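Following this are structure 1 and structure 2, which are two forms of one protein chain, each written alone as structure tokens.
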Structure 1
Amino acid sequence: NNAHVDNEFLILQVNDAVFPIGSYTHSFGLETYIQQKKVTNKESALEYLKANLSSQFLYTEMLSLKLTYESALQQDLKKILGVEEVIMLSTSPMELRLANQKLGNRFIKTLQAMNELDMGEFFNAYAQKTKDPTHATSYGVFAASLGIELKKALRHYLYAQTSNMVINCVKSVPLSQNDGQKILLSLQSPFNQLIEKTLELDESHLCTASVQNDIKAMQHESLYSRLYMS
């Protein structure tokens, strides 16, 4: 059904900074960068965000989101589970792997907790079989199941995740709130180029290795003083 469920509002709801999946408790390695004084001001914060988005977030998060989306459109569950397996086996930094899986779990459990939302037959099937969903893969299936246009789904997902990272820099560096806004504004052109790029890439690029990012994510496990789960 879903005669009363409006995708225009649902897309805002699931990307809301207060959608209860616990994003705010994760830095995905950023905290390590900050504590080691690689991100110390507005400028370095901006370089990091560009460096991270164009690496880890592009070839793992956005690309995977697109893959499970496209597969969902062809009701190709096997391919979707294959993508999720690759990610799990490709993500060496434990806290990074755990964080993504936790967020994946909570994303789906939050959707299912809304009894009046009917995700359809394919999403239910996917929700039943999935072993290691990530926030990005499950979102991909979610979006496709509801007929949400890919670029739109990518835009909302991309902005939300980046907003969370910017707010972390603001809290942790720290930075002024206006600095956060300048940064988010500066990121708009890159945002669009990442979406453009995402649409071009095929699965051969899935989980393209990052280097220092992986290292700092691993190093986060050893931080004596840590405010984040990753």
Structure 2
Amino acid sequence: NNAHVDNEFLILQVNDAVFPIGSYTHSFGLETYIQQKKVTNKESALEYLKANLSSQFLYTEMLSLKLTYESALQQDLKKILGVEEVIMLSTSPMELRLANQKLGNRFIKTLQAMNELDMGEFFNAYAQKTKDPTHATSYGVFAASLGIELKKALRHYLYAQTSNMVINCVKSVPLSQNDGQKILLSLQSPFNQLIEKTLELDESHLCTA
């Protein structure tokens, strides 16, 4: 039914910076740290990025991606909605809440506008009931529905979000293009640690960072 669809390309397409889901929300803490003169060069940007990756980005976004992926495999919509409720309640202020929700809704809507892509009955049920979808959670359900391997879905999502964070630093600090590339390289070892950790964590760790 998705005979004409190739997951190897589809994972690249939905993680492409150009995938049309409205405006982005990672540049949030950054602009504050720039005004505070806490992030003003390559070295300080890197430490900022590592700190962020291993706090809220791991314990909220990455972990939630995994939780909704695993629950989707068990057709457990209830747990998915519960994860989304926990995240919504731990998110402030209302502007970030609103934006994250917009991003979530846009991700789902963009998939759905591709009429020739069949997401399956479970995904479409999720799409109809979700109140506070996020990019990471709806992605988790997306990957589970199409049978994309978890470690691969994570790796691709992790790289894409981080790339967005770094290009944010390059523009806002600013940094040099090569500085951004050096940063992305040095983050590869943290990336795999992050992925390892994500697999060890369970729902009790959700939003604790």
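Here, rigid core means the biggest group of C-alpha atoms that superpose within 1.5 Å across both forms. Start at 1 and count along the sequence of structure 1; that gives the residue numbers used here.
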Mobile residue between structures 1 and 2, C-alpha criterion 2 Å or more, rigid core, from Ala153, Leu77, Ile108, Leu96: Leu96
Superposing on the rigid core, is the Cα displacement of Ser23 between structures 1 and 2 2 Å or more? yes
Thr32: Cα shift between structures 1 and 2 after core superposition, Å, came to 1.2
